[PDB]
Each structure stands twice: as structure tokens, then as C-alpha cells.
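Below: the structure, in C-alpha cells.
Cβ placement follows ideal geometry from the backbone for every residue including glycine, while neighbour counts extend to all protein chains displayed. Quick note: the coordinates plus some simple rules give every number you see, no bench work behind them.
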């Protein structure tokens, strides 16, 4: 029993982290096969970041200006190219620790593990969600850029995120591993405000199912609702609309607990309208939305 | 910026996890040098667990009855001994991935990372604290026994916990790596009730300092207090007493923020007496107590 905010084991990703230095900027790179992926803003001074022209800045850079260090050993850069907002540094050595991997672009509400790195060295691992406004709420200090987000399916690492930016509001923005930002953000130090950080309704419902499985049941009530009725209340509380697709995804948790998805929606509706009244659910005073239905099934079944 | 519940990178520990089978019981082992450490209840049927005599049960066990598998390769057991509540299986091969390590016995309030494992295979990593009642609130299903808790200091893994037991209340009990239970618990399926789960005051204070560093300041007030006055309120709210030792440990966070420890105690006192009034601190509606002062400094400075 028990239900924890749980990250994927980080070993396979730790084996991929390198240090990338260009001039006075040091950040992290991801070494897969004979390519090191890093934020293209490695080429920028903090002055450059105010209004960078990346193509023009890159003209002044050669392979030998990109210093790539894997532990205490230097990698030889034999080529470089810009793909969207990432640099791809071709090196002369294939990473011997390259895991099976994919690059995936996740949707808002999807969770992933972040391995926070400084100077190519892992400091910690935590679980995140892609927010409905395409930010993440991470823990990233100067030097953490190029830290990556990932899911693991048995032995295949799916890389979904690379850290680039902190907004003036202290929330985080980055790219997939093809260098495309999540949401409308750009790698420029400018007025970038996030939209509404809505709650990921399907994730809250999953986590209420996790609570029932684990013996926290006080919030179950005698009511049901409809998707349309629930969605009026969701809208009022800045929750994401619930779709039949979400109801379908929750079906296995519904089956296991014998609680119809719409009954659990009616419990959530009362919690929104009534509050927690100083009670907790799985040790939380607010409704947790950074567990997907897949996460709840995985953790409640002990997948490795 | 940002502050996350962060586990140590798990790679060094992943390299140590093995499967241990005795008869029909499979659980996890920790392979360091040529010794595999596992809960001695690997020798028990669920029937045995009601009233086990471990010495008597062990007489019927030989080296060849302990099946140790590291990935898909079998290890040869050349000896076995019982130390307190753990078995030490001597194997003929030193773990080639053995990290620098220590065995430490932590105090209540100390945090650590758990690598949850099933069948010798890591499923996830999360952060825990040793509760003041010597339980932990983990996420452990059948098969998770022998999963370990650890801290890392640069490249040295300090192992502090091995998972043994779930109490009927769904909280967790285990041993240090010398096989001594934390608290009064035993490896027997019997009435074992935990004492009061008090809040780790020094950890809450650390986390309020983390909040200030990260821009969450609404709870700072115009008041101060004394240790004796604060401690009357702590006692009323089932918080651990604060000692001058705790004040000393918080000194660096006091220095960095310019908030005297006793001023932060006065903020905590008002939060206890007034509640959160539906507000959050670092995304939490309750006061977090699973960050040590060392954890806050580490995460706020980006140690690797």
C-alpha cells in the first residue's frame, strides 16, 4: 500500500548526461549514439539572450568551440547543426551507455521524470507534468539547461523534454528533443507570460481512484453527475474539460474499484464546492493532478 | 527557481539490485562486493510470518536454497548468515557495479530516497523521511521487500533503510543494513500499532526558508517568539519540540534570507493557529516536513 509521487529510475539517463561549454556558457547535453543534443542558447552570452539572432551567432562558432566533456573525458566534435531550438553536436564516439530510446512530443497533462543536472552531473530526479499552459513547474537553477524529461517503457527511454527557459513568474519552458518549444515560448529573455494554469481533471480523477485503492475513502458520496453537469463546475474552478476519451482512459480504475467514472466526478464536484474542510487525501490537502491514469495503474500494479 | 520533492539519482543503487527467491517467496536483495543483503523473512511462508522462529527456520535452509539472480544471470551462493533481521548471502562474484558505500542508521526526521523494486528490477524512486514514530510512508506492494533507502554524498551511497513490513495501518517498517529495525517493530505478522506521527518542525522551518528563497513570502509576519513559547504551540499541534541544535542547523538559511530562526518560528506559529486560509506555499496546502535543512541548501545551491 501507499501512493507516492514517483519518478522513473534515472540510471539509463544518468549514463547520457554530458557537459557542454561554448565560450563562458556551460550547460548540459544529452549524448545518444554519436550525437550530443543541447539548447542552442549555449552560444549566447546573457546579453545575447535579450535579442539573439541564432543563425548569425552560429556563423562565428566552429566544431572546436563546442567543448563536450563526459565525466572527466573530452569528446571530439566532428560536426554541428541547429534543429529548431536545439544544437546537435556530432562527436567521434558513440555513447557506449546509449539506452534504447525514442523522442516523443507529449500532450498537456502528461507526466514525466526530470533528471536535474549541473555541469553534466545529475543532482536529483523528480516527477513533473506538462501544464495545460505548456509550462512545467520544475526545480532549475542557472546551469540546469539541457536537463531532460523522460518516461521509461521497460527498457526504452522516451525523451519528451529539454529544459531551456525560466519565465519571470519562475515557471519553466522547454522543447521536445527536435528542439520545438512546448507552447508559444521562445529562447529569448523577453516578456513571456504563461496562460491560465488549469487543473488536469483526468489526473485528479485517477488520483482519487488511487486514494480509494489505498483506503482513503471519506470523500466518496451518494451522488452521480453527467459530463455536461460536471464540466460546468470544472469550468467554474479552472479545471480542464472532461471528455469521453478521459472517461474511457479511466475505465480500468473504474472496473478495479467498482466506482463509475461519473460517480467519482460527483465526488470531485463536491470536493470543489465544499473544500477539504481541513482533511487530507493520500497525505495531500489539495487535489493532486500530476498522476496520469497510466501512472496510477503502473504504481498500483508495480510495473518494472 | 522552483522547489521540488527530489530524490537522489538512482543509477548507483539500480546497479546493486538483485532478485532473491527462497522456496515460494521472491523479494529484492542488495548486492555490494560479494554479499547480497535481504530481509530474513525471505525464508518464511505467509503462514510462518504469524509466529516465525527464524533460527529454527534457517536450520532447514542451505546455500543452494537461496536463488540469487542479477538481471538474467544466476549468482552462486557460497555462504549465508543471519545478522539481526537481515540475511547476508555470500556469493562467488563481487558486484562489478558496487559503488563507494556506507551503512548508516539515520535519526527520525532524516530524509532519504527509496528505489522501489519488484523481482530485483527498479520500478521507481521517491523521497521519504524517517517519521518521529520510526515508520515511513512509502509505496510498497507485495514483492517490494528488500527495496532500500539511501542518501548520496558526491559518489558515496549511504544505505540507511531496507523495507521489511507493512503495518495494518498501511505505514511501513524496516531496518538499517545491519538488520536492526527502526523503532519497536518486528518481522512478525502481529498487532503492531505506530505511535503519534508528529510533524518534523525543523524540516517545516527549512521548507518555509525554501519558500522565501523561491518568492513565496505571504506567510511572513511582523512577529517573533522564543523557543519555549514556540514549543508550547508545537506541543499543542503534535509538532516535534525545537531545540537550540535545530536553530543552529537552520543558521545558514537564516543568514541567506536575513530571517532570524525565531521570526520564522513566529510565522509557523501563526500558520498553525490561523491555518492556510485556502492559500498554498510552494504549491502545497499543508506544511511540508520531508525536506531537511541540508536538503533545502542542497537543492537551493544545485549540489551534484
So how compact is the protein assembly as shown: Cα radius of gyration and Dmax in angstrom? 24.9, 77
Neighbour-count ranking [beta-carbon atoms within 10 angstrom, fewest first] of B:47, A:166, A:178: B:47, A:178, A:166
Rg followed by Dmax, in Å, when the stretch B:7-157 is reduced to its Cα trace: 15.2, 44
Candidates B:22, B:156, B:38, ranked by Gaussian network fluctuation over chain B, Cα under 10 Å, top entry: B:156
Per 0.36 nm of contour for each residue apart, how much would the distance between residue B:191 and residue B:141 grow if the chain were fully extended, relative to their Cα-Cα spacing? 16.0 nm
For the Cα atoms of chain A, what angle does the longest principal axis make with the long axis of helix A:201-213, in degrees from 0 to 90, nearest 10? 60 degrees
Between residue B:34 and residue B:235, with labels modelled 7 Å along Cα→Cβ, what's the label distance in nm to one decimal, could you check? 5.7 nm
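Determine, for B:144, B:113, the number of other Cβ atoms within 10 Å of each Cβ, and report the residues in order from fewest to most.
So the ranking, lowest neighbour count to highest, is B:144, B:113.
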On the Cα set of the stretch B:132-291, report Rg and Dmax in Å, please. 18.1, 52
Take the alpha carbon gyration tensor of the stretch B:96-207, find the square roots of its eigenvalues, order them as a ≥ b ≥ c, and report rounded if a/c is under 1.5; if not, report prolate when a/b exceeds b/c, else oblate. oblate
Provide the three semi-axes, in whole Å and in decreasing order, of the ellipsoid equivalent to the stretch B:197-250 as defined by the square roots of 5 times the Cα gyration tensor eigenvalues. 19, 13, 12
Relative to the other copies, what are the label-point distances for residue A:104, with labels 7 Å from Cα along the C-beta vector, expressed in nm at one decimal and sorted shortest first? 3.6
Can you give me the Cα centroid spacing of the stretch A:1-79 and the stretch B:3-72 in angstrom? 40 Å
Between copies, how close do the residue B:218 label points come, placed 7 Å along Cα→Cβ, listed in nm from shortest? 2.3
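Within a 10 angstrom radius of each residue's Cβ in B:113-126, how many Cβ atoms of other chains show up on average? Whole number is fine.
Counting Cβ atoms of other protein chains within 10 Å of each residue's Cβ and averaging gives 6.
Looking only at other chains, what is the average number of their beta-carbon atoms within 10 angstrom of each beta-carbon in B:290-299?
Counting Cβ atoms of other protein chains within 10 Å of each residue's Cβ and averaging gives 1.
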Take residue A:76 and residue B:244, extend 7 Å from each Cα along the Cα→Cβ direction, and tell me the distance between the two endpoints in nm. 6.4 nm
Once you compute Rg and the Kirkwood Rh from C-alpha atoms, what is the Rg to Rh ratio for the stretch B:162-244? 1.12
How long are the three semi-axes of the equivalent ellipsoid for the stretch A:15-99, computed from the Cα gyration tensor as the root of 5 times each eigenvalue, in whole Å, largest first? 22, 12, 11
Run through the other copies and list how far each one's label point is from that of residue A:196, in nm with one decimal, shortest first; the point sits 7 Å from Cα along Cα-Cβ. 4.4
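Ordered by packing density, taken as the mean number of other Cβ atoms within 10 Å over each peptide's residues, highest first, how do B:281-288, B:192-199 rank?
Listed from highest to lowest mean packing, they are B:281-288, B:192-199.
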If I fit a long axis through the Cα atoms of helix A:227-236 and take the longest principal axis of the Cα atoms of chain A, what angle between them do I get, 0 to 90°, rounded to 10? 60 degrees
Over the Cα atoms of chain B, compute the convex hull volume and normalise it per residue, giving Å³. 133 Å³
Percent antiparallel among DSSP beta bridges (both partners in the protein assembly as shown, rounded to 5): 90 percent
Given that compact globular proteins tend to follow 2.2 N^0.38 Å, what is the ratio of the alpha-carbon Rg of the stretch A:198-301 to that value? 0.96
Cα pair count fraction exceeding 15 Å, expressed as % - the stretch B:124-188: 49 percent
Starting from the alpha-carbon convex hull of the stretch B:101-162, give the projected area averaged over all orientations, in nm². 4.3 nm²
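For the pair residue A:93 and residue A:255, what calculated FRET efficiency results from E = 1/(1 + (r/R0)^6), where r is the Cβ-Cβ distance and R0 = 60 Å, to the nearest 0.05?
Rounded to the nearest 0.05, the efficiency is 0.75.
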How high is the FRET efficiency from residue A:64 to residue A:105, r the C-beta distance, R0 30 Å, rounded to 0.05? 0.35
